[PDB]
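A short worksheet on the structure shown next.
There are 2 protein chains.
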Amino acid sequence: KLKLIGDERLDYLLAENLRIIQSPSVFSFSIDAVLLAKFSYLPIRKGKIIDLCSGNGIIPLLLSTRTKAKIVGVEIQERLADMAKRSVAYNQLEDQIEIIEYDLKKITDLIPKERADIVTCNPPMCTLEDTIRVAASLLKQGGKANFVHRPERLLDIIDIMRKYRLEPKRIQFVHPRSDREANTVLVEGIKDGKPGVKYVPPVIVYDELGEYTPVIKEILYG
Amino acid sequence: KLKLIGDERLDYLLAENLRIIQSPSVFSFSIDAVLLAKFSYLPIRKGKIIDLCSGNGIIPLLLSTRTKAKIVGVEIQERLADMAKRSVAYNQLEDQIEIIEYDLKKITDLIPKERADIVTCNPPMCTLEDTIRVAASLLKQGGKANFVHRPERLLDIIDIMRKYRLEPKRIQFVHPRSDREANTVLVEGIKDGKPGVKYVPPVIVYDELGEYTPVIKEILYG
Numbered sequence: 001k002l003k004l005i006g007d008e009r010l011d012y013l014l015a016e017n018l019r020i021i022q023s024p025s026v027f028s029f030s031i032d033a034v035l036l037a038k039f040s041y042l043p044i045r046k047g048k049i050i051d052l053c054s055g056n057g058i059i060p061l062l063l064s065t066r067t068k069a070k071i072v073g074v075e076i077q078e079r080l081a082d083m084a085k086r087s088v089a090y091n092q093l094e095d096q097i098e099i100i101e102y103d104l105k106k107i108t109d110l111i112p113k114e115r116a117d118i119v120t121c122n123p124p125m126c127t128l129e130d131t132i133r134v135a136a137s138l139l140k141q142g143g144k145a146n147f148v149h150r151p152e153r154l155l156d157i158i159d160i161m162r163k164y165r166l167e168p169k170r171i172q173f174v175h176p177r178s179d180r181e182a183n184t185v186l187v188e189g190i191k192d193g194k195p196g197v198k199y200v201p202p203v204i205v206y207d208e209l210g211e212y213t214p215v216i217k218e219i220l221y222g
Numbered sequence: 223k224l225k226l227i228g229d230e231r232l233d234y235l236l237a238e239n240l241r242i243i244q245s246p247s248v249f250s251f252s253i254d255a256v257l258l259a260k261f262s263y264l265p266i267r268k269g270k271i272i273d274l275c276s277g278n279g280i281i282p283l284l285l286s287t288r289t290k291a292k293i294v295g296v297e298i299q300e301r302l303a304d305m306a307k308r309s310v311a312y313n314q315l316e317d318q319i320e321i322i323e324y325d326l327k328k329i330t331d332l333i334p335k336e337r338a339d340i341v342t343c344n345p346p347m348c349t350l351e352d353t354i355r356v357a358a359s360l361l362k363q364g365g366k367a368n369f370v371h372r373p374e375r376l377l378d379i380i381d382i383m384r385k386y387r388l389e390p391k392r393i394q395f396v397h398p399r400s401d402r403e404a405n406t407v408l409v410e411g412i413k414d415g416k417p418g419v420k421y422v423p424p425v426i427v428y429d430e431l432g433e434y435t436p437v438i439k440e441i442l443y444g
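For the record, the sequence lines run as chains A and B. Per my numbering, the very first residue in the first sequence carries number 1; after that it's consecutive. Per my numbering, the very first residue in the second sequence carries number 223; after that it's consecutive.
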């Protein structure tokens, strides 16, 4: 009934009671993607959600359990998009999640500018300005862009966001342990929003033992 | 031999084995002060430290136990400076800590520009730009400025630091509990420093029950 290919396995999205096709060589979802999904505030009802760098469709799958909103997941690489399309179909989420194999820099070819509620991006340079530019252009006034990035880039990024009319409103730092510095930061920008950031409680990934933190355990297992 | 006056009371700085004159009515030091002190990296030997809004001398007293460096505490409010001066004398630190009563906007009337190693400020509008400009103007190349402020101001603060050639390099967030947003941020700027921020492990103040975290207990109790 399901057709797995070569290296592939059917994993579990445990909190969400879903399954995802995954490959140890080609693609595996990271903690970052789960954290970004959780960080994202969805519309109260309905809405349009675009995942810009979809990969094997981890984020659309995660967000789908939370909203009735329509979701587009954009992924340029055929192999990754085909995994996503198959995972969506296995889960019977075809009528809610639409995976498009297309270059994000060109997605304006298919999707109108400035009509989206939420744009999401978990990048796997100057290419980073493009994804911010494109995210911004997809959003209507009041729309959110949610990114994961490396903290060392955060200020250079805020400058880029504003260049395109996104104002940072929520920032969340991720710290491997309670005594290490941040390696991941989450950012929400409102399209044409008023200034003001709230620094959300940080995520601490592991305790000293190196086992997942309770906050993490609830996120991965429900 | 020492004369307290009025409401005043003589408090313990437990980690530092010192005493500090204080008034519930007029001035008591906050956790912000203690955290700013702890936050601040001090020169390997010697050096010149300026505490810009000194109050009752809390930071200078705290920094003194850690370095052999000379410390100038600036406080224009007559009553607070007096408490500091008397606290410095009680602790027998007059040869290391100088309390000075002058407008900080005009402090270069008394202290030469660009000769200090470390500037410290924990404020009690435009007045913020004032203090950041002044702090910058007192530091030599590679000198550090340490500020405590509200997170909502952070991004605007950075614009300011840079306007006066202070590059941010270390940022620490303070969260009351682990499930609450940040209410305080500590920032370090190197004068003419090279870009690049490290987001230092955040501080969580109180636990789920209501009392101080272990991290905070050590800062307060040694």
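Where is the CB? At the ideal position from N, CA and C, for every residue including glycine.
Can you name, in chain order, every residue of its own chain whose Cβ lies under 8 Å from the Cβ of residue i, other than the five neighbours on each side?
i, result
"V185 (chain A)", "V148, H149, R150, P151, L154, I171, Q172, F173, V174"
"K140 (chain A)", "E114, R115, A116, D117, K191"
"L104 (chain A)", "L52, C53, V74, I76, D130, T131, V134"
Could you work out which residue in the options is closest to residue i when comparing CA atoms only?
i, options, result
"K366 (chain B)", "B:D352, B:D378, B:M383", "B:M383"
"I157 (chain A)", "A:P176, A:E181, A:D179, A:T127", "A:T127"
"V248 (chain B)", "B:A259, B:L257, B:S359, B:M305", "B:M305"
"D32 (chain A)", "A:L62, A:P43, A:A81", "A:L62"
"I329 (chain B)", "B:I272, B:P424, B:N313", "B:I272"
"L264 (chain B)", "B:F251, B:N405, B:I281", "B:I281"
"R180 (chain A)", "A:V119, A:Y206, A:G189", "A:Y206"
"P195 (chain A)", "A:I204, A:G142, A:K85", "A:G142"
"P424 (chain B)", "A:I216, A:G210, A:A182, A:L209", "A:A182"
"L80 (chain A)", "A:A69, A:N91, A:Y102, A:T67", "A:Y102"
"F39 (chain A)", "A:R66, A:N17, A:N56", "A:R66"
"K48 (chain A)", "A:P112, A:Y90, A:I216", "A:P112"
"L110 (chain A)", "A:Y90, A:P124, A:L138, A:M125", "A:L138"
"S250 (chain B)", "B:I266, B:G279, B:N239", "B:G279"
"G6 (chain A)", "A:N17, A:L18, A:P24", "A:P24"
"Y312 (chain B)", "B:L226, B:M347, B:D381, B:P346", "B:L226"
Classify residue i as helix, strand or coil using the three-state DSSP reduction.
i, result
"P390 (chain B)", "strand"
"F27 (chain A)", "strand"
"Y443 (chain B)", "helix"
"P214 (chain A)", "helix"
"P423 (chain B)", "strand"
"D117 (chain A)", "strand"
"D233 (chain B)", "strand"
"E129 (chain A)", "helix"
"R399 (chain B)", "coil"
"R301 (chain B)", "helix"
"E238 (chain B)", "coil"
"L139 (chain A)", "strand"
"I158 (chain A)", "helix"
"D32 (chain A)", "helix"
"residue 255 (chain A)", "Any question about residue 255 (chain A) goes unanswered here, given that chain A covers just 1 to 222."
"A259 (chain B)", "helix"
"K85 (chain A)", "helix"
"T287 (chain B)", "coil"
Could you pull the DSSP bridge partners for residue i from this structure?
i, result
"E188 (chain A)", "A:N146, A:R170"
"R45 (chain A)", "Beta-bridge pairing links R45 (chain A) to no other residue."
"residue 454 (chain B)", "Absent from the model: residue 454 (chain B). The displayed extent of chain B is 223 to 444, so no value can be given."
"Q244 (chain B)", "B:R231"
"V296 (chain B)", "B:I322"
"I50 (chain A)", "A:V72, A:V119"
Ignore the nearest five residues each way along the sequence and tell me which others in residue i's own chain have a CB closer than 7 Å to its CB.
i, result
"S286 (chain B)", "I293, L315, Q318, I319"
"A136 (chain A)", "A145, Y164, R165, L166, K191"
"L258 (chain B)", "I281, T342, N344, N368, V370, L408"
"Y221 (chain A)", "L14, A15"
"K85 (chain A)", "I99"
"residue 447 (chain B)", "The question about residue 447 (chain B) has no answer, for chain B in this structure spans 223 to 444."
"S30 (chain A)", "none"
"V88 (chain A)", "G57, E94, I97, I99"
In its own chain, which residues sit with a C-beta less than 6 Å from the C-beta of residue i, not counting the 5 before and 5 after it?
i, result
"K198 (chain A)", "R170"
"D11 (chain A)", "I20, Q22"
"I204 (chain A)", "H175, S178, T213"
"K1 (chain A)", "none"
"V422 (chain B)", "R392, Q394"
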